[PDB]
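Q: Next up is a structure, given as structure tokens.
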Amino acid sequence: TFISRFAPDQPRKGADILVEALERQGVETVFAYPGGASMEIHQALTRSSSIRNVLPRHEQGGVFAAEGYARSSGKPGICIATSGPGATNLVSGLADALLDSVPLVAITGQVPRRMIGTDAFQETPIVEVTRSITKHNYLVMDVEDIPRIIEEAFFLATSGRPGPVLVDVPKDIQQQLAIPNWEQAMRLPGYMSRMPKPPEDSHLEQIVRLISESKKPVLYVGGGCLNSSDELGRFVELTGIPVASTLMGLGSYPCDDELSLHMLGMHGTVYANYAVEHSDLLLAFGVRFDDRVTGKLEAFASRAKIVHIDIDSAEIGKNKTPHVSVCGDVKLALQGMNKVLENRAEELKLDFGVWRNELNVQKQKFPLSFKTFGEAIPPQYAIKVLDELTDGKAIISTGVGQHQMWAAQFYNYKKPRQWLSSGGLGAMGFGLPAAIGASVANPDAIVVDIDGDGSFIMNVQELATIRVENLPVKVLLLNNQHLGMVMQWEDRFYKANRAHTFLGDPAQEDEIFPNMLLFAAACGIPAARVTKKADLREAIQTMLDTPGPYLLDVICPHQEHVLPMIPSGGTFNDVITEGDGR
Amino acid sequence: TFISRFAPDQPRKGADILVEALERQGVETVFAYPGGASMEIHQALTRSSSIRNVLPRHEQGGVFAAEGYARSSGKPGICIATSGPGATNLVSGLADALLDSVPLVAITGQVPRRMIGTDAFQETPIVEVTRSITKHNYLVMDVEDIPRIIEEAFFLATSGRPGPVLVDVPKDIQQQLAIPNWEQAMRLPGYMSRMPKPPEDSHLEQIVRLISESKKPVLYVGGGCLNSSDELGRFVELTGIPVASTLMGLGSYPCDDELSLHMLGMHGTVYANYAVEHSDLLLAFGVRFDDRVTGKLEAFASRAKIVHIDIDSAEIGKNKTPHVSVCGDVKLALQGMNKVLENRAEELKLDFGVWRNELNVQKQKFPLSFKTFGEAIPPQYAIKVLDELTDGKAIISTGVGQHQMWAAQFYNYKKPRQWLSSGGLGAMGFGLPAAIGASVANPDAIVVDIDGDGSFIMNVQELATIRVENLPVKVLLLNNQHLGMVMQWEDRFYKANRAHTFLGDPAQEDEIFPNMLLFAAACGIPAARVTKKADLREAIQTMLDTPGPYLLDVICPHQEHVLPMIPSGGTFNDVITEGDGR
Amino acid sequence: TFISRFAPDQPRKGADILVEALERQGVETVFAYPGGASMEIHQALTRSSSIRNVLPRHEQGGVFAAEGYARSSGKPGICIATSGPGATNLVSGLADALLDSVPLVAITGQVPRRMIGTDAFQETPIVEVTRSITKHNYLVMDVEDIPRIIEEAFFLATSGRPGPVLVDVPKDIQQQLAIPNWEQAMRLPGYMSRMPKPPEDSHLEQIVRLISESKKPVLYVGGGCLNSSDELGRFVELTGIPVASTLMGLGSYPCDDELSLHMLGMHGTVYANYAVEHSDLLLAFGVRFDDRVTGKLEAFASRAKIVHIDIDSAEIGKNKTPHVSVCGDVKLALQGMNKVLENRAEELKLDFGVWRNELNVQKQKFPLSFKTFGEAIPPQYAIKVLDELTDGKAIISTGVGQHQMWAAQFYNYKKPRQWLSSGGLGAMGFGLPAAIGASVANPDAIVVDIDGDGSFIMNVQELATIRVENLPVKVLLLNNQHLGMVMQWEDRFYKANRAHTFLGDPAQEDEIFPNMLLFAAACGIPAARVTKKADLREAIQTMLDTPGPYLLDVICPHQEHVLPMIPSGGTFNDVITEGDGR
Ligand SMILES: Cc1cc2nc3c(=O)[nH]c(=O)nc-3n(C[C@H](O)[C@H](O)[C@H](O)COP(=O)(O)OP(=O)(O)OC[C@H]3O[C@@H](n4cnc5c(N)ncnc54)[C@H](O)[C@@H]3O)c2cc1C
Ligand SMILES: Cc1cc2nc3c(=O)[nH]c(=O)nc-3n(C[C@H](O)[C@H](O)[C@H](O)COP(=O)(O)OP(=O)(O)OC[C@H]3O[C@@H](n4cnc5c(N)ncnc54)[C@H](O)[C@@H]3O)c2cc1C
Ligand SMILES: Cc1cc2nc3c(=O)[nH]c(=O)nc-3n(C[C@H](O)[C@H](O)[C@H](O)COP(=O)(O)OP(=O)(O)OC[C@H]3O[C@@H](n4cnc5c(N)ncnc54)[C@H](O)[C@@H]3O)c2cc1C
Ligand SMILES: COC(=O)c1ccccc1S(=O)(=O)NC(=O)Nc1nc(C)cc(C)n1
Ligand SMILES: COC(=O)c1ccccc1S(=O)(=O)NC(=O)Nc1nc(C)cc(C)n1
Ligand SMILES: COC(=O)c1ccccc1S(=O)(=O)NC(=O)Nc1nc(C)cc(C)n1
Ligand SMILES: [Mg+2]
Ligand SMILES: [Mg+2]
Ligand SMILES: [Mg+2]
């Protein structure tokens, strides 16, 4: 089926074998930045006709772009870097992909094998450095292993709990000629023996039993449900259970639905956190009970039976002890429970109307809100407008901070893989590169990077990439001249004592600095600024309608605070529902 | 002597103790970027009146700035970052400082101790990740240890072979109140017992003996002599031995001297490599026999007695076996040998005229050269002009690549700590941030970042820092629209097959992309472009004369090749003396 | 040349491949103790007709036996153990072989690959546990790798600085059928590129030059000269330089020679340490400047030029900085220097008579001595008698402690590999098992284990092995009822305050306990006790003349102290020349 480019008997460079290994894996896009130790790989790349390379302007841009690609497609993201500084520049991206369980394969060039450990030119023990921040990694010591290792890396990166896998390839092995064997079996006995088996009916039935026995059930959906959109939807219509979501889970279930409690956690809706606080049954599907969501574990869902379905046994009972657990694919568990619910429908007659109403009162007494001052643009409102003009069908990538929280709160994601945000590590500068990868993976989609002025500038150099690659990336920059999230904490806990959180120029306190429009101009990307709420709708519309890349610099008052807010390690009773930096 | 800010009996936050620990170390500048896990530290920082913080726009910018500070002052560079992504963003900087032996202390915030290892919000096992890329690191587990650890870190970072030391500080320890004990003794028994003792006279005399017994002596000076400028100078005038230098050693001995053979190695002068190839005595002072300099070890200084003086015993005999070694401070060894040479002067009567002439013929037959095409600006010439107009008294930081090599070849450094360049790791994007640190450390000096278009854009966001901090940083951008060094290798070894090395826009092949002038404009930094060699001198003069930050975009023909060049693992007989990409 | 036992096309069990891998390496003897995880290997072993297995009674016995085999033959020692407790029981042996640089290959069975890391029955992470105590180790993950790994292990264990290498073999791989490929190339690029090249003449000549320039030269020979007996002898007759030896070097040069200064160090002869203290030239051949020999480094050979020839660059300049070093095989360096010395003989006319005499006076004023009390047997005397009756042609293995020191002091080894003693780790219980291995490796030699009552009892179970294997092992047990070496230190530094150092029974203080004769009897080994010095000579003679295994229990007064003695970290001026525990 697969048509190679070399005679089955003809030897080729290890680099060429590495590339075919990728083509055989179905790879079409890679984000690679050339360097000495990886020249061979880049040369082999130009010989390929099925793989396109998107040359970033910084290796970190490459990884984040690969993450965006993966997060938006469900496919693994592939980035390539040279040795030493090339490799080290991927570090934040690997840690990010590992904490968020993003399928990713990173390939780094290395100095020749005999040069390893000798403090050679541009060498860093990347395998040692990245061991604790990757799902697994390798150091190829023989051209003969390229096929097997590449296959193993992709398998590991995509199976079970997705994650990053780094493959270190010495330069001498890239140049070595050999005849590849694509038949080699993978050496993953332990891992493959540990892969969860499909859920047992006895287990799934005890859950449906608990559901029928409950009066206040609540779904706690997370990043693990990204591929179970349909299964989850069907499940909710057969049980009528309200759905609360983590930041990683946004989109698994449409935020624009009466059964939707939206996001829970530190900055979750009052009603979402309320439902969990007063639920008797908590269905934790594809979540990892993070401190951001639980606060004080003792108080979290303190009065309810917890069911936890996860693909990683290491997560079940890590922070919260379930009453019922299922180690396996949530997508399968849902399909199974759906059948049962579908059959015993009549004898079940599930009705959680009273619960939903008890919640709908909370959803009405404590809905998400934002104040509007004069003609100042409310960031929340801008996002709300973006949602409207894009009909909630846009892929949104973001930076980290207040804007990120608002992008999560005030936009309704119809489906998963529409929300691309760094949640676990919370790395700034993720938004722009992520958008690049998402756009390449989704050429027809509307890709909007809702960024912050602090996050945007960190990888601003990727604007060059966007232009040269001609990607229709739209940038909705919520410029507030500060490191918002941190200044909010300065206001709440440090008597508003500013400590290096102002990003503008002290010499011209009232001048917007820097002038993001000029960064755009430098890379030939049309841009415009907005300051009055009145002409914001027209502005955003322009950005959307203008073909190609576009930067809309939206000026916002910095005293805005993300609400509501449950302080760290707090309880639902510590939730802050009002205030700002005024 | 030291006046604190807290009553000796009054307890203060661990964060405040950490800051005083810095003040007590003599720290005046730190490059810190605020984050959740480090808020306390930033707050404590604002209470300090002796320490100023330079807020970068990216943690990588912070480290590189700290490196520039250190490299240009001889003082340790201090950078601070928050946990998770903050910490991971320092990685390339730590690896860089370790490979180049740059004194640096990095402080990173961490999640609360009880949260460690739980996959907490923004946590990364930074100590584990950085163990192989730092001289040493710590995880503070008790506020009581702040004083001792900080003292130990600075001691380790600055003593012996300088290097980076990272201190991980959990957030709960930053908030804990305590009364510091500044009297605690350091726990470095092993290290301190291993510190080299001053050189023995017997050893130093055997060297002076070898010198008198030689006919073709050659000094091989490196980064280890940065603090022995005077001792080295005196030594050379007492022996009259020609001085070859590594890229790290530039400036230890004035490049503008008849006894100077300039740089040796891969891109070293033909005469410098010649002298080493035909020397009978090689005086390796403060060097680590890197592959860049030696090529094929067997052939390197194959016909001569090698004397190696290093402060790190692990380096003596690592790649080349000396005939005589001295493990200690080269500065002391020079002072000792100077006395001997000064006394036995008459009975010695050292005269290496014949050798120097044999070399001066090579220096004349094979001098550094560059061709000039029409009115196209020769990068070499631009640097030569910069040297002239600044009277070789400017501090030069650079990126990595061809421009870096030219900045090394065509500028005469009068003293050490004038040349700030990433040599071991060779990390791109180093030039601009390094200049920031150098300028802060040297407010009166002329600081010029000779960058490449590829390297410059990686950390272009630091332009905002330069403006806001009002630093007179001059940027001599040698724009060639490509990743020069890599394209040169494409030309020599890959039939000029371009593989992702073009940095401009393929849609407008002839248009300079991006427009670096606009990046400058965005951060309110005056800038101008130059294309004709005729008005280059006036341009550079303007840049220098214009008060404050300035960006001069110098357009160069990309077919330029750095010469001469000894291919990797090659011999002096493989030296390439001509050719380009035309 | 090699005749297998399976058709080149016929697949066999991995276990069978492992065994042929050994046969192909020239292995004839292995010391293996069967266990669950290694049954397959033992079965494959019985199919072999060239390899004999010596079943010990404890895995520790197996390793020590393998060490004895290696130490006495120059061949690598092979031991095999099962997983878990089998493997952990080898630990002391591996550490021992690593510290003494003894070529050894240890093979351990492991649980099936899929069971690894699951806390399986009898599984221990042996590769992780032994990483810091072996030269290198492996975990076989594919039957296909057996040939390559075994070849690599033997190569690594025997080349450069000899050491132990452990190969962990999962049980499922032992059972897997496959067709071995004995043509596979080893993957040791780094190591093989680092292997020292033969010494350069320039280097060797500078040494001969130093020798002619010296007046008080002293040879400091160690374990590295074990294979240079002849080269060393010739060297000494061409230079007439006195030879001092480390405990590991005994035998490299005949102790019974006027040019012999015998052992130096803590318990070295006064004259040996004197010569080093007052030498102007120290020729350190195959030594590692251990604290036992140097004491206070500053004072060690403080007034002399140090030449250090070692096969491990990591050792050159580790504790002492040489004035001249040579990283390579001492055997080759000697052959080279011998030629030079042989030619420039006349023009050299080396004469160190004055030095030798200055020493011969010391050798006469401070010779090794021992007092004789009534009819009590002096341990020193017993060993002296053993030497006489065996004509110094016996292979001597020992335990650790006073007897060990006396066995070193009062016996003249004619050749190397006659002295088998644990020097670096100094592990008790080594003597008996080591003798077993030595006897198997040297069926015709006289093998005598000079043991202590404390050391002997630790692995007394190996007596069963000696009997069943019918090995002519003689045991000269110097029974002093105490842990001698420790009690000596109690006397000198703790006011003779006994702290658990008495090995007899407090209930019968005057009764010899235990009765070692009965341990012998239990394993059917003839034994006899001696208490009177008068009938000691006849006793030892009997032991020697009685065919087969024999145990001679020699009772000695415990107040004996090993002398002379230079306290730890002391100087030659701190040498203790008299005293005991009376
Ligand atoms: C400024 C800031 C504020 C934040 N505030 C909030 C907040 O208020 N609320 C909030 O929710 N988050 C918040 N976060 C994000 C937060 O850090 C965590 O990233 C997020 O809560 C993790 O959610 P998750 O556990 O659902 O997803 P993940 O972290 O992606 O974990 C998914 C889990 O699902 C499992 N799983 C994966 N695939 C499958 C499958 N097929 N079948 C079954 N199980 C599977 C995994 O192995 C894992 O245990 C914030 C982050 C930042 C940067
Ligand atoms: C594109 C590129 C091309 C390059 N081309 C070249 C080239 O052609 N030529 C070249 O020289 N380099 C070149 N390099 C730089 C090169 O990689 C090495 O960084 C450089 O050769 C190292 O020189 P060094 O050993 O002298 O300094 P360092 O690497 O700084 O090593 C200094 C040494 O001195 C010792 N020492 C430190 N302090 C003291 C003291 N007080 N007393 C005694 N000893 C001390 C150290 O412990 C160490 O062993 C290039 C790099 C790049 C990025
Ligand atoms: C109770 C007790 C008391 C002790 N008292 C003393 C004492 O008083 N005096 C004493 O000497 N020891 C004493 N020791 C032994 C001591 O601990 C050390 O084991 C011994 O000094 C090590 O000697 P070595 O360095 O010569 O040999 P090794 O430790 O075997 O080291 C040999 C060295 O030679 C190098 N080498 C190996 N092969 C070659 C080759 N082919 N060419 C060149 N170089 C090579 C190695 O790599 C290494 O650096 C005592 C031990 C015990 C248990
Ligand atoms: C990182 O290099 C190594 O892998 C590396 C490290 C140590 C020794 C040899 C190599 S190498 O000989 O295999 N390749 C190169 O030296 N490449 C290279 N060098 C320069 C200077 C500029 C460019 C573009 N490529
Ligand atoms: C990285 O945080 C931790 O150290 C961390 C990690 C896990 C649990 C608790 C903490 S914490 O409670 O000690 N601090 C914060 O949670 N800080 C914080 N959080 C947000 C969301 C925005 C800002 C500015 N600061
Ligand atoms: C250590 O065992 C394992 O390797 C091991 C460890 C976990 C699971 C399976 C095995 S096994 O199934 O491959 N072999 C055995 O279980 N062997 C064994 N068991 C007993 C009880 C007594 C003897 C003699 N052999
Ligand atoms: Mg902001
Ligand atoms: Mg360029
Ligand atoms: Mg005893």
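A note on labels: chains of the structure tokens are A, B, ... as shown, every chain counts residues from 1, and ligands are counted from 1 in their shown order.
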Set the cut-off to 6 Å, count only C-alpha atoms and all ligand atoms, and list whatever residues fall near ligand 9 as a ChimeraX atom specification.
A: /C:452-454,479-484
Q: Return the neighbours of chain A among the residues of chain C, cut-off 8 Å, counting only C-alpha atoms, as a ChimeraX atom specification.
A: /C:113-116,141-142,187,189-191,193
Q: Produce a file of the selected residues containing N, CA, C and O atoms, as an mmCIF file, in the first residue's frame.
A:
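Output file out-v8.cif follows:
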```cif
data_model
loop_
_atom_site.group_PDB
_atom_site.id
_atom_site.type_symbol
_atom_site.label_atom_id
_atom_site.label_comp_id
_atom_site.auth_asym_id
_atom_site.auth_seq_id
_atom_site.Cartn_x
_atom_site.Cartn_y
_atom_site.Cartn_z
ATOM 1 N N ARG C 113 9.847 -9.726 31.184
ATOM 2 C CA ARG C 113 9.773 -8.304 30.859
ATOM 3 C C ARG C 113 8.458 -7.617 31.231
ATOM 4 O O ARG C 113 8.465 -6.534 31.812
ATOM 5 N N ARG C 114 7.330 -8.228 30.897
ATOM 6 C CA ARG C 114 6.053 -7.607 31.211
ATOM 7 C C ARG C 114 5.807 -7.513 32.719
ATOM 8 O O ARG C 114 4.941 -6.760 33.161
ATOM 9 N N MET C 115 6.573 -8.266 33.501
ATOM 10 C CA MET C 115 6.426 -8.270 34.960
ATOM 11 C C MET C 115 7.301 -7.222 35.640
ATOM 12 O O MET C 115 7.107 -6.907 36.817
ATOM 13 N N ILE C 116 8.273 -6.702 34.899
ATOM 14 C CA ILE C 116 9.201 -5.719 35.431
ATOM 15 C C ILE C 116 8.513 -4.460 35.940
ATOM 16 O O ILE C 116 7.603 -3.936 35.303
ATOM 17 N N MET C 141 16.510 -6.626 26.580
ATOM 18 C CA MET C 141 15.092 -6.462 26.284
ATOM 19 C C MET C 141 14.663 -7.230 25.044
ATOM 20 O O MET C 141 13.504 -7.164 24.635
ATOM 21 N N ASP C 142 15.599 -7.961 24.450
ATOM 22 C CA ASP C 142 15.305 -8.753 23.264
ATOM 23 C C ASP C 142 16.339 -9.853 23.066
ATOM 24 O O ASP C 142 17.539 -9.596 23.094
ATOM 25 N N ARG C 187 28.220 -1.778 19.961
ATOM 26 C CA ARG C 187 27.829 -0.375 19.961
ATOM 27 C C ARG C 187 28.556 0.364 21.073
ATOM 28 O O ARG C 187 27.938 0.800 22.042
ATOM 29 N N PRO C 189 30.873 3.134 20.439
ATOM 30 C CA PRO C 189 31.614 4.219 19.793
ATOM 31 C C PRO C 189 32.371 5.132 20.747
ATOM 32 O O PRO C 189 33.563 5.372 20.560
ATOM 33 N N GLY C 190 31.684 5.642 21.764
ATOM 34 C CA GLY C 190 32.328 6.532 22.715
ATOM 35 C C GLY C 190 33.511 5.916 23.443
ATOM 36 O O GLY C 190 34.604 6.486 23.475
ATOM 37 N N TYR C 191 33.280 4.749 24.035
ATOM 38 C CA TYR C 191 34.303 4.021 24.780
ATOM 39 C C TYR C 191 35.509 3.686 23.913
ATOM 40 O O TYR C 191 36.648 3.975 24.279
ATOM 41 N N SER C 193 36.461 5.005 21.203
ATOM 42 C CA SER C 193 37.163 6.178 20.701
ATOM 43 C C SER C 193 38.049 6.753 21.810
ATOM 44 O O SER C 193 39.024 7.451 21.540
#
```
Q: Set out as a tab-separated table a contact list for chain C and ligand 6 with a cut-off of 12 Å, giving each residue of chain C that qualifies its closest atom pair and distance in Å to one decimal, counting only C-alpha atoms and all ligand atoms, ordered by chain and rising residue number.
A:
```
residue	atom	partner	partner_atom_place_in_ligand_line	distance
C:34	CA	ligand 6	24 (C)	8.6
C:35	CA	ligand 6	24 (C)	5.9
C:36	CA	ligand 6	25 (N)	3.4
C:37	CA	ligand 6	4 (O)	4.1
C:38	CA	ligand 6	4 (O)	7.8
C:39	CA	ligand 6	24 (C)	7.5
C:40	CA	ligand 6	13 (O)	10.2
C:42	CA	ligand 6	24 (C)	11.9
C:81	CA	ligand 6	1 (C)	11.3
C:82	CA	ligand 6	1 (C)	7.6
C:83	CA	ligand 6	1 (C)	6.1
C:84	CA	ligand 6	1 (C)	7.3
C:85	CA	ligand 6	1 (C)	9.7
C:86	CA	ligand 6	1 (C)	9.8
C:87	CA	ligand 6	1 (C)	11.1
C:108	CA	ligand 6	4 (O)	11.1
C:109	CA	ligand 6	4 (O)	7.7
C:110	CA	ligand 6	4 (O)	5.9
C:111	CA	ligand 6	4 (O)	3.5
C:112	CA	ligand 6	13 (O)	5.5
C:113	CA	ligand 6	4 (O)	9.3
C:114	CA	ligand 6	8 (C)	8.9
C:115	CA	ligand 6	7 (C)	5.9
C:116	CA	ligand 6	7 (C)	8.3
C:117	CA	ligand 6	7 (C)	10.3
C:118	CA	ligand 6	7 (C)	8.5
C:119	CA	ligand 6	7 (C)	8.2
C:120	CA	ligand 6	7 (C)	4.4
C:121	CA	ligand 6	6 (C)	4.1
C:122	CA	ligand 6	1 (C)	4.8
C:123	CA	ligand 6	6 (C)	6.6
C:124	CA	ligand 6	1 (C)	10.1
C:169	CA	ligand 6	4 (O)	10.2
C:170	CA	ligand 6	4 (O)	7.5
C:171	CA	ligand 6	13 (O)	5.7
C:172	CA	ligand 6	13 (O)	6.7
C:173	CA	ligand 6	13 (O)	10.1
C:174	CA	ligand 6	13 (O)	9.9
C:175	CA	ligand 6	13 (O)	9.6
```
Q: Residues up to 6 Å from ligand 1, counting only C-alpha atoms and all ligand atoms: could you list those as number ranges by chain?
A: A: 100-101, 161, 222-224, 246-249, 264-268, 286-290, 292-293, 309-312, 315, 328-330, 400-401, 423-424, 426; B: 121
Q: Quick one: DSSP strand (DSSP E) residues in stretch 326-533 of chain C, as a PDB file with C-alpha atoms, in the first residue's frame?
A:
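Contents of part-v9.pdb, freshly written:
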```pdb
ATOM      1  CA  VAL C 326      51.117   9.296  30.383  1.00  0.00           C
ATOM      2  CA  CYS C 327      47.643   7.973  29.759  1.00  0.00           C
ATOM      3  CA  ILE C 395      48.752 -18.586  45.636  1.00  0.00           C
ATOM      4  CA  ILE C 396      47.591 -16.722  48.730  1.00  0.00           C
ATOM      5  CA  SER C 397      44.061 -15.387  49.233  1.00  0.00           C
ATOM      6  CA  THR C 398      43.111 -13.637  52.476  1.00  0.00           C
ATOM      7  CA  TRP C 419      48.273 -12.409  45.911  1.00  0.00           C
ATOM      8  CA  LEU C 420      44.455 -12.353  46.018  1.00  0.00           C
ATOM      9  CA  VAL C 447      46.325 -22.534  47.115  1.00  0.00           C
ATOM     10  CA  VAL C 448      46.376 -21.278  50.699  1.00  0.00           C
ATOM     11  CA  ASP C 449      43.740 -19.062  52.245  1.00  0.00           C
ATOM     12  CA  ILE C 450      45.346 -17.130  55.105  1.00  0.00           C
ATOM     13  CA  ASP C 451      42.191 -16.154  56.981  1.00  0.00           C
ATOM     14  CA  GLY C 452      41.061 -14.558  60.218  1.00  0.00           C
ATOM     15  CA  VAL C 473      42.381 -25.621  49.146  1.00  0.00           C
ATOM     16  CA  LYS C 474      44.513 -25.154  52.249  1.00  0.00           C
ATOM     17  CA  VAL C 475      43.262 -22.865  54.985  1.00  0.00           C
ATOM     18  CA  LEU C 476      45.818 -21.256  57.302  1.00  0.00           C
ATOM     19  CA  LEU C 477      43.390 -19.818  59.849  1.00  0.00           C
ATOM     20  CA  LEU C 478      45.099 -17.271  62.118  1.00  0.00           C
ATOM     21  CA  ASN C 479      42.652 -17.541  65.005  1.00  0.00           C
ATOM     22  CA  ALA C 527      41.698 -30.303  60.058  1.00  0.00           C
ATOM     23  CA  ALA C 528      44.024 -29.785  63.012  1.00  0.00           C
ATOM     24  CA  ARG C 529      44.771 -27.107  65.610  1.00  0.00           C
ATOM     25  CA  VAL C 530      48.165 -25.661  66.631  1.00  0.00           C
TER      26      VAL C 530
END
```
Q: Residues within 10 Å of residue C:487, please, as number ranges by chain. Count only C-alpha atoms; anything in the same chain fewer than 3 positions from it doesn't count.
A: C: 402, 482-484, 490-494, 496-502, 558-561, 581
Q: So that I can see what lies close to residue C:365, please list as a list in words the residues with an atom at most 12 Å from it, counting only C-alpha atoms and leaving out residues fewer than 2 positions away in the same chain.
A: residues 269, 270, 271, 274, 358, 359, 360, 361, 362, 363, 367, 368, 369 and 577 of chain C
Q: Keeping only N, CA, C and O atoms, write the selected residues as a JSON list (two decimals), in the first residue's frame.
A:
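For reference, again_16.json as written:
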```json
[["chain", "number", "residue", "atom", "x", "y", "z"],
["C", 269, "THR", "N", 56.43, -0.61, 55.00],
["C", 269, "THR", "CA", 57.71, -0.64, 55.70],
["C", 269, "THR", "C", 58.21, 0.78, 55.93],
["C", 269, "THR", "O", 57.94, 1.68, 55.13],
["C", 270, "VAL", "N", 58.93, 0.99, 57.02],
["C", 270, "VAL", "CA", 59.47, 2.31, 57.33],
["C", 270, "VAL", "C", 60.35, 2.79, 56.18],
["C", 270, "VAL", "O", 60.29, 3.96, 55.80],
["C", 271, "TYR", "N", 61.16, 1.89, 55.63],
["C", 271, "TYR", "CA", 62.04, 2.28, 54.54],
["C", 271, "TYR", "C", 61.32, 2.60, 53.23],
["C", 271, "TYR", "O", 61.75, 3.49, 52.49],
["C", 274, "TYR", "N", 59.89, 5.90, 53.68],
["C", 274, "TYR", "CA", 60.99, 6.84, 53.83],
["C", 274, "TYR", "C", 61.44, 7.26, 52.43],
["C", 274, "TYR", "O", 61.52, 8.45, 52.13],
["C", 358, "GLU", "N", 71.51, 4.84, 51.11],
["C", 358, "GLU", "CA", 70.82, 5.71, 52.06],
["C", 358, "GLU", "C", 69.56, 5.01, 52.53],
["C", 358, "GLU", "O", 69.08, 5.22, 53.65],
["C", 359, "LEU", "N", 69.02, 4.17, 51.65],
["C", 359, "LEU", "CA", 67.82, 3.41, 51.95],
["C", 359, "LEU", "C", 68.16, 2.11, 52.67],
["C", 359, "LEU", "O", 67.51, 1.75, 53.64],
["C", 360, "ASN", "N", 69.19, 1.41, 52.19],
["C", 360, "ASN", "CA", 69.59, 0.16, 52.83],
["C", 360, "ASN", "C", 69.94, 0.35, 54.30],
["C", 360, "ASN", "O", 69.94, -0.61, 55.06],
["C", 361, "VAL", "N", 70.23, 1.58, 54.71],
["C", 361, "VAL", "CA", 70.53, 1.83, 56.11],
["C", 361, "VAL", "C", 69.20, 1.84, 56.84],
["C", 361, "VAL", "O", 69.08, 1.33, 57.96],
["C", 362, "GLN", "N", 68.19, 2.42, 56.21],
["C", 362, "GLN", "CA", 66.85, 2.48, 56.78],
["C", 362, "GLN", "C", 66.27, 1.07, 56.84],
["C", 362, "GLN", "O", 65.65, 0.69, 57.83],
["C", 363, "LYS", "N", 66.50, 0.31, 55.78],
["C", 363, "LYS", "CA", 66.00, -1.06, 55.70],
["C", 363, "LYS", "C", 66.63, -1.91, 56.80],
["C", 363, "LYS", "O", 66.08, -2.94, 57.21],
["C", 367, "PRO", "N", 63.74, -2.55, 60.06],
["C", 367, "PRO", "CA", 63.17, -3.68, 59.32],
["C", 367, "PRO", "C", 61.87, -4.18, 59.96],
["C", 367, "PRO", "O", 61.58, -3.86, 61.11],
["C", 368, "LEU", "N", 61.09, -4.95, 59.21],
["C", 368, "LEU", "CA", 59.85, -5.49, 59.74],
["C", 368, "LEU", "C", 60.19, -6.43, 60.89],
["C", 368, "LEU", "O", 61.09, -7.26, 60.78],
["C", 369, "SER", "N", 59.48, -6.29, 62.00],
["C", 369, "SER", "CA", 59.76, -7.13, 63.16],
["C", 369, "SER", "C", 58.52, -7.66, 63.87],
["C", 369, "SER", "O", 57.41, -7.19, 63.64],
["C", 577, "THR", "N", 56.07, 3.01, 65.41],
["C", 577, "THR", "CA", 56.95, 1.87, 65.22],
["C", 577, "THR", "C", 56.93, 0.84, 66.33],
["C", 577, "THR", "O", 57.64, -0.16, 66.26]]
```
